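Below: the structure, in structure tokens.
Here the Cβ is made from the backbone with ideal geometry for all residues, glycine too, and neighbour counts use every protein chain on show. The numbers here are math on the coordinates, done by the rules we state, and not lab data.
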Amino acid sequence: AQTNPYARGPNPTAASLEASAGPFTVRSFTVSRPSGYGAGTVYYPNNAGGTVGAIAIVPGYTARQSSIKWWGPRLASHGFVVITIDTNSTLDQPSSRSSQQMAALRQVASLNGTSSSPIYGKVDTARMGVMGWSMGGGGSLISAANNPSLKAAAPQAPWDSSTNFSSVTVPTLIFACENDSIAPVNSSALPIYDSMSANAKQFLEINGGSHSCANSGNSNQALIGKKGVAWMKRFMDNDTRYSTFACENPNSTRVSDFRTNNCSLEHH
């Protein structure tokens, strides 16, 4: 018997996690006049089996949903309700981005209770996660620091005015881009990673990557999408069928640096 009430879907394989699409059919709708942010697209699985967690994803400075869109179908097809947002202003700073990210989660939660909504009854509002690009990534980190009940965080190429995220207890995967010249790894992603001492955490640097290396249309969807889904499944669903995928060093030429902590596949 399956004893984890949050487990959804089939037992994963590397191939099934590297595929463009997961097991579940995904539909979408847009949120008009959102509560506390600029715009939003909600991606959801129609046949997950049960309620699933919610993920809110925020773009970088000047950026729009297009930059992060690919995560919507990718995560939703594995059993998550995902909202990609536009910020009130493309120029909003990381603190504002975090507020708007949390406002998008809050609206997903209200929608879950709205009978007219396509996601009525589809969300477990006690299981939420955060993702984003650059300032949006920083915003995710801020969201995690301010809201420790969040179950997971998977920011990409993050930047914030601070690199001290030592209070974060949320399991946090950082995608870094090796040749990032906007938010260099050495001054942003790595220090943010090093500051976190209280959580399960991972740092995955994409070989040859520019600041947009995890954005829609990237050349590493198979690896990045495998890792993003595995991380969210392992920590949002407590799904130990994803233990290896979430914690392993992908033995891949596509990865220029890999670090992980409190993500053990050993017994001691």
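Pairs are defined by a Cβ separation below 6 Å, a sequence spacing of at least 6 or placement on different chains, a first member in region 88-102 that is without any contact (Cβ under 8 Å) to a residue 24 or more places away in the chain and closer than 17 Å to residue 62 by Cβ, and a second member that is among the hydroxyl-bearing types (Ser, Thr, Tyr) and part of a helix (DSSP H, G or I); no pair meets this definition. Applying the set (1) surrounded by fewer than 21 Cβ atoms within 10 Å (Cβ to Cβ); (2) more than 16 Å from the chain's Cα centre (by Cα) to residue 123 leaves exactly one unmet item: (1). Within the span defined as region 90-111, every residue fails to be crowded, with 19+ Cβ neighbours inside 10 Å, farther than 17 Å from residue 141 by Cα and acidic (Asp, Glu). Looking only at region 18-45, how many residues end up being acidic (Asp, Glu) and over 18 Å from the mean Cα position of the chain (by Cα)? Matching residues across region 18-45 total 0.
Please tell me if residue 139 is assigned to a strand (DSSP E or B), crowded, with 24+ Cβ neighbours inside 10 Å, touching a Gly at 6+ places or on another chain (Cβ under 7 Å) and not polar (S, T, N, Q). Spelling it out, it is not the case that residue 139 is assigned to a strand (DSSP E or B), crowded, with 24+ Cβ neighbours inside 10 Å, touching a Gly at 6+ places or on another chain (Cβ under 7 Å) and not polar (S, T, N, Q). Here the condition is being more than 13 Å from the chain's Cα centre (by Cα) and either part of a helix (DSSP H, G or I) or of a type in the set (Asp, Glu) (or both); of 95, 115, it holds for 95 alone. Restricting region 50-62 to residues that are touching a strand residue (DSSP E or B) at 6+ places or on another chain (Cβ under 7 Å) and either assigned to a loop (DSSP other than H, G, I, E, B) or of a type in the set (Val, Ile, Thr) (or both), the residue that is surrounded by the most Cβ atoms within 10 Å (Cβ to Cβ) is 58. Only one of the listed residues (158, 148) is out of contact with any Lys or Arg (no Cβ under 7 Å at 6 or more places or on another chain), buried (at least 24 other Cβ atoms within 10 Å of the Cβ) and either among the charged types (D, E, K, R) or part of a loop (DSSP other than H, G, I, E, B) (or both). That residue is 158. Looking only at region 27-49, residues that are surrounded by fewer than 20 Cβ atoms within 10 Å (Cβ to Cβ) and either of a type in the set (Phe, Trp, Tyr) or in contact (Cβ under 8 Å) with a residue 12 or more places away in the chain (or both) come to 14 in all. Out of the residues in region 197-250 that are of a type in the set (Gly, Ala, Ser) and at positive phi, state the one that is surrounded by the fewest Cβ atoms within 10 Å (Cβ to Cβ). Looking at the filtered set, the residue picked out is 217.
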